[PDB]
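When we count neighbours, we look across all protein chains shown, and the Cβ atoms used for this are built from the backbone with ideal geometry, even at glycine. Values quoted throughout were computed directly from the atomic coordinates according to the rules given, and no laboratory measurement underlies them.
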């Protein structure tokens, strides 16, 4: 019959980034969806392109916001840490030109 080998695949995490009304040149607001089986997102950091200093995001309600003293340059990098203490890093998840109302997931 239809056997369930989904467990064979092992574990998987689904993360997506969506810009919300309010994005600015020195301030960026994006909604983040993190789904992990038995785990959950605990911390997220955002690093600007051409920059080597990851900046922490503030969890606002159900989204994350980051403010810089200069203009943001894409592609942007975002690192995720699961409450269980797991960490995941996504490079080039959002390009410099982002649109509002469109989702944006991290590429391989």
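Connecting C-alpha atoms closer than 10 Å in a GNM of the chain, tell me which of 95, 25, 56 has the biggest fluctuation.
25
Work out Dmax and Rg for the chain from the C-alpha atoms and quote the Rg first, both in angstrom.
My reading of the Cα-based Rg and Dmax gives 15.2, 59 Å.
As an exercise, use a Förster radius of 41 Å and the Cβ-Cβ distance of residue 23 and residue 1 to find the FRET efficiency, rounded to the nearest 0.05.
On the way: r = 49 Å, r/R0 = 1.20.
Once rounded, the FRET efficiency stands at 0.25.
Quick one: Cα centre-to-centre distance for the range 57-76 and the range 80-108, in angstrom?
Between the Cα centre of the range 57-76 and that of the range 80-108, the gap is 12 Å.
Kindly provide the helix-only [θ] at 222 nm of the chain, computed as the sum of -39,500 (n - 2.57) over DSSP H runs of four or more divided by all residues, to the nearest 500 deg cm²/dmol? Numbers along the way, then the final one.
Working: 1 runs with 4 residues, N = 108.
For the chain, the value works out to -500 deg cm²/dmol.
Arrange the following residues from fewest to most other Cβ atoms within 10 Å of their Cβ: 98, 17.
By the 10 Å Cβ count, ascending, the order reads 98, 17.
Report the gain in length on full extension from residue 55 to residue 103: 0.36 nm times residue separation, minus Cα-Cα distance, nm rounded to one decimal.
Taking residue 55 through residue 103 to full extension adds about 15.2 nm, to one decimal.
Once both labels are modelled 7 Å past Cα along the beta-carbon direction, what's the residue 89-residue 31 spacing in nm?
2.9
What ranking of 100, 32 emerges when the number of other C-beta atoms within 10 Å of each C-beta is taken as an exposure proxy, fewest first?
In increasing order of surrounding Cβ atoms, one gets 100, 32.
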